[PDB]
Ligand SMILES: N[C@@H](CCCC[NH3+])C(=O)O
Ligand SMILES: [Ca+2]
Ligand SMILES: [Ca+2]
Ligand SMILES: [Ca+2]
Ligand SMILES: [Ca+2]
Ligand SMILES: [Ca+2]
Ligand SMILES: [Zn+2]
Ligand SMILES: [Zn+2]
């Protein structure tokens with residue numbers, strides 16, 4: 001909408017106060033004009049028609065319980081935009097400052113979130129498996145990263161290419177969580193999953209097997225559930241990424257860690273320069289090796305660590 005840029009204040013899903021960029025024209029709208037062609041947050045009003053209505057508020061204060069998922073979807077989309085721009089020199093998900101759109105209050109008791117090809121969508125959860133899913137910065141950044149993948153490598157969402165697609169979203173979701181630097185970890189979804197259970201999460205990158213996901217190619221899932229295991233076999237790649245950054249010895253193979261920033265540079269370059277829609281795990285290894293070679297040189301520790309990490313998870 002046409003209006004003037006304003007700054008509202010509200011409380012997110014976890015009870016934290018934050019400022020949000022809004023637009024004033026009669027109402028205050030969740031429309032942030034400070035980033036690219038805008039970040040726009042919509043109310044789906046417990047239905048499944050998308051996007052719903054651009055979020056309107058009478059007073060620019062967003063402290064109602066109903067407001068909290070919208071505050072966080074809007075704010076964390078901004079953090080994610082900032083990460084890609086500041087760290088990778090990428091302007092929005094398409095590289096050309098495309099508007100970022102999110103809808104909250106999708107359906108009733110909906111225990112998921114997604115990128116639908118055009119926008120992000122967040123359920124409220126049922127209050128037991130999940131609370132509103134936009135409360136997790138790693139979740140928001142995971143979903144927006146699917147848009148980045150859409151516009152770059154285009155990894156088909158099935159089998160190994162789909163597991164890479166998922167792992168890319170978990171990797172960058174985690175790197176955005178570290179960028180914001182509020183209670184960062186190598187777990188996925190911990191802030192919004194199972195409010196009655198402390199210390200759990202949806203997936204773990206540091207130890208995928210904690211939640212039943214493979215941490216070695218020999219343990220990959222080969223069945224048809226979950227589009228051929230895209231959220232299961234992602235553990236093999238998540239573990240490799242964790243090892244590249246943090247180091248460790250895994251099934252007897254030692255990896256020298258090179259840190260999160262270099263992990264992000266290597267995988268961003270692989271995603272945008274080398275991966276294709278049909279890339280498999282072996283082709284990801286080759287893409288990561290070539291990316292690290294471009295950035296750091298063939299004789300570098302960074303290249304050696306990429307190779308050790310893929311060896312450790314059984315990907316040749
Ligand atoms: N986002 C993942 C994990 C489940 C999230 C809620 N059931 C999926 O759609 O499979
Ligand atoms: Ca208000
Ligand atoms: Ca109010
Ligand atoms: Ca965390
Ligand atoms: Ca996390
Ligand atoms: Ca929990
Ligand atoms: Zn997903
Ligand atoms: Zn995903």
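Taken together, the values in this text are just the output of simple stated rules run on the coordinates, not laboratory data. Because the Cβ atoms are built from the backbone with ideal geometry, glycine has one as well, and the counts that use them run over all protein chains shown.
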Please identify, among 60, 19, 181, the residue showing maximal mean-square fluctuation in a Gaussian network model of the chain using a 10 angstrom Cα cutoff.
181
With Cα coordinates, the longest principal axis of the chain makes an angle with the long axis of helix 234-246, in degrees rounded to 10, of 80 degrees
Would you calculate the separation in nanometres between label points at residue 108 and residue 126, each defined as 7 Å from the Cα along the Cα-to-beta-carbon direction?
1.3 nm
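Determine the calculated [θ] at 222 nm for the chain from helices alone, applying -39500 (n - 2.57) to every DSSP H run no shorter than 4 residues and normalising by the residue count; nearest 500 deg cm²/dmol.
Numbers: 8 runs with 114 residues, N = 316.
When only DSSP H runs of four or more count, the value is -11500 deg cm²/dmol.
Order by neighbour count: 203, 35, 285, fewest other Cβ atoms within 10 Å first, most last.
On the way: 203 25, 35 19, 285 22.
Ascending Cβ contact count within 10 Å gives the list 35, 285, 203.
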Check: C-alpha center the stretch 241-316 vs C-alpha center the stretch 1-20, spacing in Å is 39 Å
Stretchable slack from residue 47 to residue 295, in nm (0.36 nm times residue separation minus alpha-carbon distance):
84.6 nm
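Can you say what percent of the DSSP beta bridges in the chain, counting only those with both residues inside, are antiparallel? Round to 5. Each step should come with its number before you reach the end.
On the way: 26 of 36 bridges.
Of the beta bridges lying entirely in the chain, close to 70 percent run antiparallel.
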For the residue pair residue 59 and residue 6, what label-to-label distance in nm results when each label sits 7 Å from Cα along the Cα-to-beta-carbon direction?
1.2 nm
